[PDB]
Amino acid sequence: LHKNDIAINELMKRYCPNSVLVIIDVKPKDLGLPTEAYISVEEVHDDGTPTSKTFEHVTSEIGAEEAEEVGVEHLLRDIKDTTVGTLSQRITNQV
Amino acid sequence: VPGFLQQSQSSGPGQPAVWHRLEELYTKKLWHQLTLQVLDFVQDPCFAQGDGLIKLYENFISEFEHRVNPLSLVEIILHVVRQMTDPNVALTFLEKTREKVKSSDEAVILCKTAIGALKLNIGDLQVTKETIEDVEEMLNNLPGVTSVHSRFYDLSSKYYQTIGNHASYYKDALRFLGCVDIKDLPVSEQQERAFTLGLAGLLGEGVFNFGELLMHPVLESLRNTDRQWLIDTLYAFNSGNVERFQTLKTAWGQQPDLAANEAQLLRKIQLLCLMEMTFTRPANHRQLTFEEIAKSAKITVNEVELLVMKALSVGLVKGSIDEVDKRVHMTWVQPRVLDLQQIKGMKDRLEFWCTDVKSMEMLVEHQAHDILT
Amino acid sequence: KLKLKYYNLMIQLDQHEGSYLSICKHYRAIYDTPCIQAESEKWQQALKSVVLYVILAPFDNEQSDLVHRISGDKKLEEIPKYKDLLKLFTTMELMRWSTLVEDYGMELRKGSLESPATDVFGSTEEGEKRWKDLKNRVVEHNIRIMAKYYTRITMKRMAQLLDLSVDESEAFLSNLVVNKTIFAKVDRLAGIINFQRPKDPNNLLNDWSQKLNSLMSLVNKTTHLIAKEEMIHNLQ
């Protein structure tokens, strides 16, 4: 994010009490779970500077409910599932 | 109305020169270059009987012009109040300017700071905390001006002068230390400013060390002008702990206000060394002995209980004390500062973890890479 | 408001013989009558009488938030005896019991309000019962922090720290260990006695789940490290 992304949230704060901006990534490369989440908050500082906004990082997770599971779970058609107990835990030990 | 400003046109030699332009500014009916030129005359030190008379015409301007921000009206009223010498009639007129002016920009923050600046002679303690509490409450939205927060420090510092919870003065002076961007004022004031700041911040009981913010880069140039006994004893409270020569040297340098908090400082450094003794060693090996604490803190074996357990109440360590051999078992630690050449060794402790996991994990799946396919 | 005044009649029954716990919330019920008052001596003596029975009741989880409800009031701190009573409760540590006798021995001469000395020391047998109760409460206050810090201790050092004989240490350790508040280990002949510790599975919960509970912060290290890093880097 460039430093100008703050005022966008400050403009739409009239729409929602707290607007969370989500950085995303169109091309997967690194390092892991894509995108990002930043919430608009005023933390001031321990140095007592005039209040400025440095967006705090919000942890992002990927999930689904029912139909959004149906689409992607059929769309994988790539790697074995899971398989539980053998390759799963050890590849996670690598990654 | 014109003759009212014509009789005040001449304040002395050279004044009517620029005042020939000043009177030509309202003929074109521009009150802004007029605002900057009049405010410059108000900022110009005078008797001053010129601004006291012409403030009614400037009030007449604000009447039909209905616009010009109260900021300039606060800047002129703080110059006039010095010549008025009576804060009461100044409070009636300033609160009149507060109720008679309204704009999208909040005028309550600039008026309450002007009232707080004029409240020093009331003398204090009655309505102070109420309006002082209202300043930063109305400043929370939207603090983009940056100018009034220094005035908030002015009324908050004069609120602290009653003494006044020393521990709070460092937080308020922190607010000032971060409020103003460029100092743009002689260091001869800021050397004693950061001096009594170092006194009230060090003598505070809520802060036992905070050696980190002692190294803050904007105040370190102010400490360079200060004598080095204060900086060295601040390093004693940064690390120390005893270092009995430096904690006495601050008594050589600063006589007053130290006699009351001296024993508090001794307790603060006695609980300060407990984190640094287990932090300095590679350890852990976090179990210490009574001989280590009693020799360092030079206190009797009966008071080391109160010593280490008070640090457990401070929150810097959760450890437990083994009283059979009188040993002290520390747990966790309170991080305070650290240093240069530490980012390097940090890369050594990291890269070793890197090649560890890389090697071993690449050995794990090296065995089972075949069977996968 | 006569029914509220009947509480002052029933406090004689609840405080009379065996219950120091029943006066906890009920002395706060009689405290509501001075709230309507319009009184000075009875109001101020109600503040001290309601703040001085904390030692009477045994230690319990309800006693903590109880004294925390009354703590913070602007009228309460006016008495230096409340400063000492609060000093011993918060942060604990150690204070000489003779100094506690100094502050609690002047309350007979102190006053103004004689009502706390009437409820506590007004009766000879009840006063002595609250003397030994005070002894048991201050030694249990010492045991509470010390037991959590043991590990181990010595018998002779316990005698000089508790300011009482070794047999009195075994007596106070006996009636505290039958209360099963702290499981101790006490052998006087070898001189090595110890309090706590778990006493857990412990091979699974303690060693495993706690160590890798710190590995929660170890795998979250870089997560919040790069966070606060970017925080200080963006604003300046």
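Residues numbered from 1 in each chain as written, not as in the entry; some residues may be left out. Chains lettered and ligands numbered in written order. Part of a larger assembly, values for the part shown. Heavy atoms only, no water.

Deposited coordinates in this entry are attributed by the record to cryo-EM, at a stated resolution of 7.0 Å.

Novice: Would you mind going over the interface of chain A and chain B with me for this structure?
Specialist: Interfaces are often described in size by the accessible area the parts lose on coming together. Taken together, the contact pairs ten residues of chain A with 15 residues of chain B. Carbon and sulfur atoms make up 50% of the area that chain A and chain B hide from each other, which totals about 1,200 Å². Counting the surface chain A buries against chain B, the share from its top three residues, A:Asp47, A:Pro50 and A:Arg90, is 45%. If you look at where chain A meets chain B, you find zero salt bridges. (Contact = heavy atoms within 4.5 Å. Buried area = accessible area lost by both parts, 1.4 Å probe. Salt bridge = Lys/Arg side-chain N within 4 Å of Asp/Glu carboxyl O.)

Novice: What should I look at first to understand a nonpolar patch on the surface in this one?
Specialist: All names here are of chain A. Taken together, the side chains of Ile8, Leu11, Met12 and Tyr15 present a nonpolar region at the surface, about 430 Å² in accessible area. For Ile8, the location among the structural elements is in helix 1 (residues 5-12). Residue class for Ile8 comes out partly exposed when judged on its relative accessible area of 41%. (Patch = residues over 30% accessible without salt bridge, like charges linked within 9 Å, V, L, I, M, F, W, Y side chains within 5 Å. Areas by Shrake-Rupley, 256 points an atom, 1.4 Å probe, with all protein chains shown as cover. Helix = DSSP H or I, 4+ residues; strand = E, 2+ residues; numbered from the N terminus. Buried < 20%, exposed > 50% of the residue type's maximum accessible area, 1.4 Å probe, protein only.)

Novice: I tried to follow helix 10 (residues 166-179) of chain B on my own but got confused; where do I start?
Specialist: Three or four residues apart is the spacing at which side chains of an α-helix point the same way, because the helix has 3.6 residues per turn. Residues and elements named next belong to chain B. Given a rise of 1.5 Å per residue, 14 residues ought to cover 20 Å, and the 20 Å separating the end C-alpha atoms of helix 10 matches this to within 8%. Every buried residue belonging to helix 10 is among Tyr169, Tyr170, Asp172, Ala173, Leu174, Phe176, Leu177, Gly178 and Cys179, and all of these are buried. Check the buried side of helix 10 and you find it contacts helix 9 (148-160), helix 11 (187-202) and helix 12 (217-225). (Expected span 1.5 Å × (residues − 1).)

Novice: So what exactly am I meant to see when it comes to unusual backbone geometry here?
Specialist: Cis geometry is adopted by the peptide bond preceding B:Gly164, which originates at B:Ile163 and carries an omega value of 5°. Secondary-structure assignment places B:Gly164 in the loop between helix 9 and helix 10. In this chain, C:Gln37 is followed by C:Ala38 through a cis amide linkage whose omega measures 5°. Relative to the helices and strands, C:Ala38 is located in the loop between helix 3 (32-36) and helix 4 (41-51). Backbone geometry at B:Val337 places phi at a positive 45°, although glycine is not the residue there.

Novice: I'm lost on the packing of helix 3 (residues 32-43) of chain B against helix 5 (residues 70-84) of chain B in this one. Help?
Specialist: Between two packed helices, both the angle of their axes relative to each other and the distance between the axes serve to describe the pair. All names here are of chain B. As a packed pair, helix 3 and helix 5 sit with axes 9 Å apart at the nearest point and diverge in direction by 20°. Looking at the two axes, helix 3 sits roughly parallel to helix 5. Our pair here, helix 3 against helix 5, has a crossing hand that is left-handed. On helix 5, the residues touching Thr35, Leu39, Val42 and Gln43 of helix 3 are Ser72, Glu75, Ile76 and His79. In the contact of helix 3 with helix 5, the residues fall into three nonpolar, four polar and one charged. (Axes fitted to C-alpha atoms, helices over the stretch in contact; angles between N-to-C directions. Parallel < 35°, antiparallel > 145°, perpendicular 65-115°, else oblique. Left-handed = near helix turned anticlockwise from the far one by under 90°. Nonpolar A, V, L, I, M, F, W, Y, C, P; charged D, E, K, R; others polar.)

Novice: Please clarify how the sheet that holds strand 1 (residues 152-154) of chain C should be interpreted in this entry.
Specialist: Two pairing modes exist for strands in a sheet, parallel and antiparallel, and in both the strands are linked by backbone hydrogen bonds. Residues and elements named next belong to chain C. Strand order in the open sheet formed by three strands is 1-3-2, with antiparallel pairing between adjacent strands. Each edge of the open sheet is held by one strand with a lone partner, namely strand 1 and strand 2 (184-185). Where strand 2 meets strand 3 (residues 192-195), two bridges bridge the pair, whose relative direction is antiparallel. For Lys185, the partnering residue across the bridge sits in strand 3 and is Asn194. (Pairing = 2+ DSSP bridges.)

Novice: Is there a simple way to explain the pairing of strand 3 of chain C in this structure?
Specialist: Looking along a regular strand, one sees the side chains alternate between the two faces of the sheet. Residue and element names in this part refer to chain C. Sheet topology note: the strand 1/strand 3 ladder contains three bridges and is antiparallel. Along strand 3, the bridge assignment pairs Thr154 with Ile192. Where strand 2 folds back onto strand 3 in an antiparallel hairpin, the turn is made up of six residues, including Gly191, whose phi is positive at roughly 85°.

Novice: How should the pattern of salt bridges be read in this particular structure?
Specialist: Two side chains with opposite charge may pair up if their charged atoms get near one another. Summed over the entire model, instances satisfying the criterion amount to 17 salt bridges over all chains. Between B:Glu189 and B:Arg193 there is a salt bridge; the shortest N-O distance is 2.5 Å. Highlighted residues: B:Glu189 and B:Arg193, both in helix 11, separated by four residues, approximately one helical turn. On the basis of relative accessibility, which here comes to 37%, the residue B:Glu189 falls in the partly exposed class. Taking relative accessible area as the criterion, B:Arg193 reaches 23% and is therefore assigned partly exposed. Linked through salt bridges whose partners overlap, the residues forming this network are C:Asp133, C:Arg137, C:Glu140 and C:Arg144.

Novice: Explain the sheet that holds strand 2 (residues 320-322) of chain B to me, please; I cannot follow it from the model alone.
Specialist: Residue and element names in this part refer to chain B. As summarised here, the arrangement of the three strands in space is 1-3-2, forming an open sheet in which the pairing is antiparallel. Edge positions in the open sheet fall to strand 1 (287-288) and strand 2, since each of these has one partner strand only. With two bridges joining them, strand 1 and strand 3 (residues 327-329) adopt antiparallel strand pairing. Residue pairing for strand 3: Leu288 is matched across the bridge by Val328.

Novice: Teacher, can you tell me more about the nonpolar core here?
Specialist: Nonpolar side chains in soluble globular proteins tend to be buried together. Counting 68 residues, the largest nonpolar core has B:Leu274, B:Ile293, B:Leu316, C:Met158 and C:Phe195 as its most contacted members. The element best represented in this core is helix 15 (residues 258-280) of chain B, accounting for nine residues. Residues B:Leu22, B:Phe41, B:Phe93 and B:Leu118 belong to the second largest nonpolar core, which totals 30 residues. (Core = buried A, V, L, I, M, F, W, Y, C linked by side-chain atoms within 4.5 Å.)

Novice: Please clarify how the interface of chain C and chain B should be interpreted in this entry.
Specialist: On the side of chain B, 16 residues touch chain C, which itself brings 15 residues to the contact. Contact between chain C and chain B buries roughly 1,400 Å² in total, counting both sides, with carbon and sulfur atoms accounting for 57%. Looking only at chain C, the three residues that lose the most surface to chain B are C:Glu93, C:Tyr149 and C:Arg157, adding up to 46% of its buried area. Between chain C and chain B we count one salt bridge in total. C:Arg157 is the partner of B:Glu305 in a salt bridge, and the nearest nitrogen-oxygen pair spans 2.4 Å. Counting every contact that joins chain C to chain B gives eight residue pairs in polar contact. Only helix 9 (124-149), strand 1 and helix 10 (155-162) of chain C provide two or more residues apiece to the side of chain C that touches chain B. In terms of residue class, the side of chain C that touches chain B is built from seven nonpolar, four polar and four charged. (Polar contact = N/O pair within 3.5 Å; in protein donor to acceptor, adjacent residues only side chain to side chain.)

Novice: Whenever I open this one, empty space enclosed by the protein confuses me. Can you help?
Specialist: Residues and elements named next belong to chain B. Summed over the entire model, instances satisfying the criterion amount to twelve cavities of 30 Å³ or more. One number sums up the size of the largest cavity: a volume of about 320 Å³. Along the wall of the largest cavity there are 21 residues; nearest its centre are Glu58, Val68, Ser72, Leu73 and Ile76. At the level of elements, helix 3, helix 4 (50-65) and helix 5 are the ones that each hand at least two residues to the lining of the largest cavity. Among the elements that line the lining of the largest cavity, the one with the most residues is helix 4, at six residues. Its residues placed into classes, the lining of the largest cavity shows twelve nonpolar, five polar and four charged. Empty space within the second largest cavity amounts to approximately 180 Å³. (1 Å grid on protein atoms, 1.4 Å probe; cavity = no way out; pocket = protein on both sides within 12 Å on 5 of 7 lines; lining within 4 Å. Points joined across faces, edges and corners; volume = space filled by probe spheres on them.)

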